[PDB]
Structure formats: C-alpha cells, structure tokens
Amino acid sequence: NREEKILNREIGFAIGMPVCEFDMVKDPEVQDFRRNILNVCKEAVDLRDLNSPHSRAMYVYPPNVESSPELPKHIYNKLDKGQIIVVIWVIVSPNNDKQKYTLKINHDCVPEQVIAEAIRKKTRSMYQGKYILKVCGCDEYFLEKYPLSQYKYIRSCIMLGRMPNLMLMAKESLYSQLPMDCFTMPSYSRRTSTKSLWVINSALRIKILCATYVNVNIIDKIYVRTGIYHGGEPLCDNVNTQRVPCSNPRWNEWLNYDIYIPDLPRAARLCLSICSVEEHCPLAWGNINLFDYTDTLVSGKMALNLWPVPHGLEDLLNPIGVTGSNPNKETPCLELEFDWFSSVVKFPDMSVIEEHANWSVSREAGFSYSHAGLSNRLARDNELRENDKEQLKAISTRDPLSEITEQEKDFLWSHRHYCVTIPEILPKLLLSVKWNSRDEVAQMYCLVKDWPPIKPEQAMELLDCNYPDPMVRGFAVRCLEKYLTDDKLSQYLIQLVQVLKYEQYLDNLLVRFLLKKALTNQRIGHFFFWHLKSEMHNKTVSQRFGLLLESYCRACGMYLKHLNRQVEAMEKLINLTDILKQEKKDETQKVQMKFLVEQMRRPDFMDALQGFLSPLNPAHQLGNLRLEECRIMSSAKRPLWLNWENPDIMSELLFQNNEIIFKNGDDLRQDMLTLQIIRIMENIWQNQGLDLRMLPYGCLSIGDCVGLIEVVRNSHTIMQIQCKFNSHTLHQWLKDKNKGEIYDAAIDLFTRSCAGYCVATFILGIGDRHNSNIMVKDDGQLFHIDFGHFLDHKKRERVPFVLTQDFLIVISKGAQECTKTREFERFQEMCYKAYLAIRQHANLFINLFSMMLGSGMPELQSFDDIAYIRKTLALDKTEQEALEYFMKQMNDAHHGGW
C-alpha cells in the first residue's frame, strides 16, 4: 500500500490529475475498464520478461528499422558495388580515448558481421555476441539481426551521402543500465427476466421529460430534435417534440420512431439537440448509445448533460459529435425516459446472429426469378455477368469521398458474395448495407467474420466515424494486428489515437491493440503517452484518455519516471511563457530575457529543465541548458529558442547541441498533420525512384496550444538571405555557400526540394508562402515552415507557393530568361511526376484526413474540408485531364511559364 500510494502519485503527476478522481467515478463502465484492461498490461509485461535481458532491451530500445529490406534502384546505386563505408568506434583506454575503424562491407550485413569485421580490423592493428552497435550521438541501438541498410539511420546515411558512425558497446554495459520493473496489480484488480432484442415485438419510442440549466437571453420558443443514427447514417426520419417557451422547458412527450426494436443495429445511437425558432438554430446537442457496453438496451430514466454548438455547425443535430453526457453538470441537462419491457433486453449473441444469417442465405438461395425481381437488393447466382464483375472492380477503385448512388448500393449488396473475391471493396459494401434491417446486418456480420484480410492502410478507413459497427472495427484491428509493422504503426499513430474517440465504449479491440503495442515498444509508448496527454485539457476525451493513460502508466515500467522528467520540464516551460505573456508582454526583449535567465537559474527550475529526454525524440538526451544560447524569438506568440548539451560521449559525430523551439499560444496540431503528410508524400516519391528531398522537421503538440518545434541546423528564411536587393540575391548566396565543383549538387537539391514543396503545398492547400515561412539550408535544401493553415481555409483552388523570379533564377543557374530554359523544363517534369504519384495514392491521404475529423481542428471539421484534396488531385477527371488541370493552376498563378 505504501508503494501503491507513491506509484499513484507518479501516475497522477504524469496524467495531470489525481488517480483518486477515477476511484470516485460511480459509472460501472469506467470501473470495468480500469479492472479489465489490466490483462493487456499483464500480457505486455510477460512478453518483456520472456527473453530477459534482451527482450527488456528490445522494449526500451526497439530497432528503428524500415518496413522492407528492399532498396529503391537510385538508393542502391548510391552504394559502391552494393557496399557501404561504415565507421566503428571503440572506447578502450581510460579518460575515454576514442578509436575509429573504417569498414567497407555489404549493405545487407547483420550487426554481428559488422562487429566481427570491426574486431578483425582492431586485431589487424596488433566475443562477437558480447557487443552491440549504438548510433554515435544518441540512444539508438542495433539489437536485432536486420540487414544494416534496413535501419533508418543507415538508409538515411545512404540517401544523404553521409558517413554512418556506430559505437561498439558491451551488451552488459547496456543491460545493467536497464532496471527491472515488477508490475504490481493495483488494489482495484480485486473487485423480471432477460430477453433478446429480436423478441421485443415493438416500434421504437423515447420519452422526453424536461430540460434544466437552460439559461438563455429572452431566444424565444424551444424544442428537442431527435434522430436515430448508425454513424452518420440516419436509420429513420428525425422526430421533434412540440414547441415550448425557453422560460419553461417541459415536454413530457413520447416520440415514435419509424424503426422496429429488433431492427436496431448494435451501434445505434440517439442523436438529440435543443433547438430554437423560420430561422431554426441548435443551442445544445448530445448523443447516446442505444445499447450499453454490456450489450443491454437502454431502459428507464436518464439525464443527459448537453454540449455547446461548435462555431460552424449550422445543422440541427450533431451525429459525428462525441457520444455521452457532458462532464460539466452546469450545462443544459435533458431528462429522458426509455421504454420498459418487464425484462432486461440484450443484443443477441453471435450464435443467434449466425443462425439467422444462414437462415436468410438459405431462404434467398431458393428465390425464384420473379421473387428476385421484386427488389434491386435481391439478385440471382447464375445471373452474375462479367460486365457486372467489371463494374464492381471499377466501384472498388473509387476514392472514399466518391458518392455511391442508391443504384450502386443495391448493386454492391446484391453481389456481396462476389465482393469477397475483390476484398478491398469492403468499405463501399458496408455503406450499401441497410443498417436498419436485422436480416441484412446479420448477413453482413457473417461476411465480415470470414472477410479476406486487407492492406493495413485500407483497414484504417474502417476505424473512422463512417464505420461504428464493432464487427467491422474488429476486422480492421485484426488486419492491423497481422500486417501493420511497428514503423507504420509509429507513422500513423496520431490517426490511430484519434479514432479511439469514435469507439462507442471504453473497452474495445482497438484500445487493446494500441495499448499492447505501446507497452511492448517504448518508441510507440512515448508518442502514445504524449498524444493522449496533449488532449487531457479536452473534456470530450479527458476521461477516456485519462483512464487509458492510467493503464499505460501502471505497466510501462521505468519509463514513467523518465516521462515525469519531460512532464515537469514542460510544466516549468508553460509556467515561464505564461508569466512572460501576462506579466512581462509589454517589456523590452532585454528586460524579458533578464527575467527569463533569473527564473530559469532558480535551483528547482534549473534541475527540472536539465537531464531529461527530448519529447520530440526520446533517443535524444537533453543535458545541461546552454542559457547563453537560449532566447525569446521575435516570432508570433514569442516562442523560446532553447539549447541543451548532448551528454552523449560521441555528441560531436551527431550534434553537440540540441536546439528546440518551445512555442506557447498556437495550435500545433495542423502543423503536426501537414508534417506527417509531407513525410508520407516523400516516402511515396523515393519508392518510385523520384528523389525530391523534403524536410518534415519534428513537431509535437504537448498540450492546449503548447508544443515543440525541431530546429533545422544551418537554415535561413528567404528574407534572412536577401537582407544580407536583386532577384539574383538568393542564387548569389547559394553560389557563395557552394563554390566550385559542388555548385551543381546545390542547384539540383534546390530544384528537387522546390518541386516537392510546390506539389505538396498545392495538393494540401497550405497557408500562403512568403519570404518568412520559406527556409533554405546552406547546401541548397529548400523547405517550408509554419503549417498553421491547410485545405479550404478560404470560403477556387490556390497555389500557395508561387515561384518568384528569385526561385526561377536558382533553378536556371543564373540565366535571365529563366522561364525558357532546359533546367526549368526538367523542374516542371519533376512536378508532373510528383503530382501524379500522390494522385495514385489519394485514398491514403483522404483516409489520413478523415481519421482526423474527431480532433477539434478548425480547418478539418467536415468531409467537405477534405473535399479540397479531391479538387486539387482532380479525382473526378482522367489522369491527363489532372495533369492539364495542375498546369493551368501553375500557369495562372505564375502569369505564364506552364
């Protein structure tokens, strides 16, 4: 109990709320989550102590590897006859004298071969499984037998033409530094009739009693609008109450819905709102699951605390809004009464559903020609023609925002068994289902049950707000379990954490998958913790994420202690920036910096801000602060530029100073998503042998409009260049930074990076570019900063990155008529190739954005905001028509040239 009390305080500090607040929650679902989720905690700990110390080392330092060992042609061609020059460092003499041994080995060498070759070279100057390779400068290790080139550091070194520097370290020097953490089960581990839904022979009705806390400006006549939803799909007509004055919100009225109680799908929800009156307007909204976590249909009296309308939603109901009561009890509260059946009504078991499904398939197989003719949703087996099979393949290639007509819905459903042969059609088939028909849904269940597995990126769509059904989401998660690699889990983690908000219940298959992975991979565990923590201010998800964080913190081990260092450092930084903006905002930079340095140097603050792991990359150790290098930036929201020593023995070989931008006041979530997408686009380009180097720098939101930005070394804004002006000033600067034989490499890098950002910003519809948000590296690498805006952030498509004379001059190597040059023609060709490459992967990009609708991002609120990408990628047009469209967008913007 003394250890439990201390641990509870550590978790309380990490989550930012006391654990006891959970213990007080009366809700049985909350207490069942807390207890039942501990098996995932147990399993994860069991896997970590399966092959100790190695399995523990693998958890803390997982291999940072690529998804595939195969190297793209242009990347393999960068190697000398398939071989790589590698530097291996050995610390041998006292006072840590560093010895280097240059090796030329095959790119696909296992670390054990790399170590033996180093020992051979060390011996040539005068066991193999008693050492490990570590990346010089950071806590990155090569613990698993992967081809060398598969580790991201090595692949990055080949792609950039940099020398890989690895340090030989004794296994026991790492192992002894890994503490044993025994996971202890918490105190809380130790805890009429019943009829099936398909037996209740009655129509659906819900009684609306009255409303409390309806404080409005005497707004006049008010009513409650209700609807039965399955995701966003209405299951019946919307039913409103009689109009009443806001001075007395009383209805005591039964609302009858056009839906049979046995027809109710598992994910059925009641969507309601208090509206005012004809200019109708919602005032407060709220959603309810018609079945609880135990599969029980709602019965009796219930009070629902409503939510405020979001600036932009003109619609009277909010089905894609959060489901459940408002944690704030000083809000419009609507009392509702549910139907009584003199027994507990439960959703039928899978065996009842399977029996009913097989009864229907059998009944349908016996249907005569004329019977099949009564419904377009009923087709015959032998009547399936090749043209129909062709139409099916065509429908399957359409994007997730392509409208499926009622005719195609009936078509896909009648050919559902053929659909199994083309399994990627599953999301379209699911939207074709009559979710308000138990016969159809029961049959869909059995098809999902045995559905062929699909690509993890295709399965992710099935986890968004369009697919609420648990059988469907279970299938999506099973595909992620079988085919999602840790690399790709890390890449899409923000979306996967987002879609948790769409789960009906706290205890679900997705959360179990995500938690097991977070507790079996510390690299995943780290970002899992921060994505959840950053949203703990948001009362729409703070209970779910709080309980999720509590389970993670109980089983993560020693990393909780390290996370508490990062949390405390972030809090001290939030504290300082908050004082500067409320108590020192009007003072001079000199005065503000004087205050900063004095507050930072306080021993309590000084220690909290030194000797912790970078939340941007936990493999990066933040040593002592370099205060002389710390400063308040002139930028909006006055961000802090912070510098730390890299305590790593071989810091000089990576970077001797870790520079991070701490910014308080701006929502860094859109930037995080844009940067994530930029990286995905780059990966797509590289795989197709199209070397357009992007700079997706690190960015992490750590709270409500608080975050970290990775500083890019040796970079300057376009304005910073020209301020030392002619159009030749930038090209003059580049020529000055890359004199002689290396000048062409810089022009090539600029052109390539420039083509990437032209295409990326045009597709995504990023905020207008200017000399202060376009940056350039000494070597010529062009990149964009400040991704605060994207998509339709105006009210018809924009070109955010318009190439001025400055950019065209660099591309054309200093020519006057830069538009009419071969260099510019090769530049245009890179844009065309890049644009069409992304167009080919549009479903992915649409899916990545759709999974982000749950998030409170102001530019990504509806599917129509995502529609912007359908327009920029010209998906309704042909490929040549799309190329023609892009050229017109470029030609109009640049007033010619394209």
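Numbering starts at 1 and follows the sequence shown. The term rigid core refers to the most C-alpha atoms you can superpose between the two forms while keeping them within 1.5 Å.
- Item | Which of 583-591 and 447-455 lies farther from this form in 7 other deposited structures of this protein, as RMS of C-alpha positions after a rigid core fit | With the rigid core fitted, 583-591 is the stretch that strays more in 7 other deposited structures of this protein.
- Item | Larger mean CA deviation from the shown form in 7 other deposited structures of this protein [core fit; 309-317 vs 407-415] | Clearly, after the core fit, the stretch farther away in 7 other deposited structures of this protein is 309-317.
- Message: Among the other entries of this protein that were compared (only those with both neighbours built), does residue 762 lack coordinates in at least a third?
- Response: Across the other compared entries, residue 762 is absent from none.
- Query: Is residue 267 left out in a third or more of the other entries?
  - Reply: No.
- Would you mind checking whether any residues of the deposited sequence sit unmodelled between residue 218 and residue 219, and how many (none, 1 to 3, 4 to 9, 10 or more)? Gap size class: 1 to 3 residues without coordinates, per the record.
- Query: Can you say how many deposited residues have no coordinates in the span between residue 724 and residue 725, choosing none, 1 to 3, 4 to 9, or 10 or more?
  - Reply: 4 to 9 residues lack coordinates between residue 724 and residue 725.
- Task: Could you check which stretch, 219-227 or 623-631, carries the larger mean CA temperature factor in the entry?
- Result: In the deposited entry, the stretch with the higher C-alpha B-factor mean is 219-227.
- Item | Entry-level comparison of average CA B-factors, 455-463 and 243-251, reporting the higher stretch | Between 243-251 and 455-463, it is 243-251 that shows the higher mean C-alpha B-factor.
- Would you mind checking which of 281, 699, 759, 420 has the top Cα temperature factor in the PDB entry? Comparing C-alpha B-factors across 281, 699, 759, 420, the maximum falls on 281.
- Which is it among 322, 494, 361, 170: the one with the largest CA B-factor in the entry? Comparing C-alpha B-factors across 322, 494, 361, 170, the top value belongs to 170.
- Item | Where the record places residue 736 (Cα B-factor, split into thirds across the chain) | It belongs to the highest third of the chain when residues are ordered by C-alpha B-factor.
- Query: Taking the entry's C-alpha B-factors for this chain, is residue 772 in the lowest, middle or highest third?
  - Reply: According to the entry, residue 772 has a C-alpha B-factor in the chain's middle third.
- Item | For residue 875, the third of its chain into which the C-alpha B factor falls | For residue 875, the deposited C-alpha B-factor lands in the middle third.
- Message: Based on the deposited C-alpha B factors for this chain, I'd like to know if residue 710 is in the lowest, middle or highest third.
- Response: Lowest third - that is where residue 710 ends up once the chain's C-alpha B-factors are sorted.
- Item | Chain third (lowest, middle, highest) by recorded CA B-factor, residue given as residue 435 | Within its chain, residue 435 is a lowest-third residue by C-alpha B-factor, going by the deposited values.
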